[PDB]
């Protein structure tokens, strides 16, 4: 027919569509879709967006304390500290009350900037050392801690002051030594029992030692418990002890920080990615991720689904 035409309206389709989920349909085919869930890591932790520190065989605390094999980390600072699982302590055995909170505070602040200070320890021997804590091939000790003992036949009451004239909080790491026997307590410290009282205008922490055997660790049936005290601008640090003091040598600086600490065992490498997980860095194109709930940086949100396809085309209705 020459005096009629035909005009049909339509829409496109594709040979290969993709299935998506809607409200009314469990599955339904669209021309195109895009994946909104990051389920693949890069295999490695990328080091060019944020400043990453490989902890190697050192925990962040052992680095802070100054375990001799952790000396390469003196004064290091980071955006993210990576703790390996094969990390081990290799100095005098210790325990830290509320370990997690100190690790967190150090992780958070993001630095191990240590400033030594002029402590006067009248009437005692300083720089006490030990076979448990070899440095060189010589007995030694945690480098940031000063293990004090008797001089001649005395250990007079130690009463020292140290004010904070800075505009930042100082953090002091100190300890108390718990000896293995009365035979040792007296030999080292003269007095039959120690006392250690680290105080400020606001806070105070006394600790008494506790003689007795603990399990053998690197030659040691005794222990050192580690404590910390923060000192705010204008405040003042006071230490009072008539035995067993593992003293501080200085302070760490505390910063309002963006820093943190992660536990991973994956290789650090040069790439670029602004999201880090223990499985390695992951891309952050997508809004969600299913790699790990532990993240650091600009990260997609963790969720329990591994796939979420968002339709980026119309419904696909093929031909024949």
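Positions refer to the first chain, counted from 1.
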query	finding
Stretch exceeding the other in mean C-alpha B-factor - 96-104, 148-156	148-156
Residue stretch of maximal mean CA temperature factor, 50-58 vs 286-294	50-58
Residue selected from 90, 85, 181, 225 by maximal Cα B factor	181
Position of residue 114 among the chain's modelled residues by C-alpha B-factor, lowest, middle or highest third	middle
Chain-wide C-alpha B factor ranking for residue 40, given as lowest, middle or highest third	middle
Entry-reported Cα temperature factor of residue 175, expressed as the chain third it lands in	lowest
Third of chain Cα B-factors occupied by residue 269	highest
For residue 237, the third of its chain into which the C-alpha B factor falls	highest
